[PDB]
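> So I pulled this structure from the PDB, and the sequence comes with it:
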Amino acid sequence: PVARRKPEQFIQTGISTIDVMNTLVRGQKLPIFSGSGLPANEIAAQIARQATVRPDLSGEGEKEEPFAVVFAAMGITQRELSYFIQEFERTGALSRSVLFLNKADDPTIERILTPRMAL
Amino acid sequence: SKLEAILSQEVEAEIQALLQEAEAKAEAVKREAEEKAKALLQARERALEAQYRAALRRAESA
């Protein structure tokens, strides 16, 4: 309880609106309300790859900030699952990332633990 | 006669004013273009290089 400290540092996203209206900072838990048949999913791994941890503009550098992209799906369909292979795998964008992802096909039990991993 | 001479005297300087206005109207058309053509093409040079290098970079990341 005595570890945590109230925010103080932005992080850019590669998206505009989601930095302007609502502005990304480190240690921020930002829920992203999705709905049903939507390409939420896309805009995830999409803006994923765009991302680059940044606070240059504040007066700091960016050399000593390792960027850890940790990616976790669940319930993935044939289709979707390849979009994954498409982004990371696009170039080496796994150059800073790991996948983890329990299909629907996969047991729902193992599912549960899935996050707890990358967490 | 001299009467109609004044009518003459009126017209000749006007002929020249049509021309002066005109001269400026060709030149400006010319100059509107000069900056505009130059200024887009710069941007399209710019844009094409970046849209290249960042790919090759991302390729380097592979």
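On my side now, so go ahead. Numbers count the residues shown, from 1 in each chain, chains lettered A, B, ... in the order given.

> can you list the residues of chain B near chain A?
Contacts of chain B with chain A, taken as Cβ under 8 Å from any Cβ of the partner chain, map to B:58, B:59, B:61, B:62. Backbone N, C-alpha and C define where each C-beta goes, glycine included.

> Would you format those residues as JSON lines with secondary structure and distance to residue A:17 included?
Formatted as JSON lines, the residues of chain B next to chain A follow (DSSP: H, G, I helix; E, B strand; the rest coil; distance: Cβ to Cβ, whole Å):
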{"residue": "B:58", "secondary structure": "helix", "distance to residue A:17": "24"}
{"residue": "B:59", "secondary structure": "helix", "distance to residue A:17": "29"}
{"residue": "B:61", "secondary structure": "coil", "distance to residue A:17": "26"}
{"residue": "B:62", "secondary structure": "coil", "distance to residue A:17": "30"}
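
> Of the residues you listed - the most surrounded one?
For the residues of chain B next to chain A, neighbours were counted using other Cβ atoms under 10 Å in any protein chain shown, and residue B:58 has the most, 15 neighbours in all.

> Please name the nearest non-neighbouring residue to that residue.
Excluding its sequence neighbours, the residue lying closest to residue B:58 (Cβ to Cβ, 6 or more residues apart in numbering or on different chains) is residue A:91, at 4.6 Å.

> Then residue B:59?
Once flanking residues are discounted, residue B:59 sits nearest to residue A:91: 5.7 Å by Cβ to Cβ, 6+ apart.

> So that neighbour is in contact with residue B:57, correct?
No: counting by Cβ atoms under 8 Å, residue A:91 does not reach residue B:57; the two are 9.1 Å apart.
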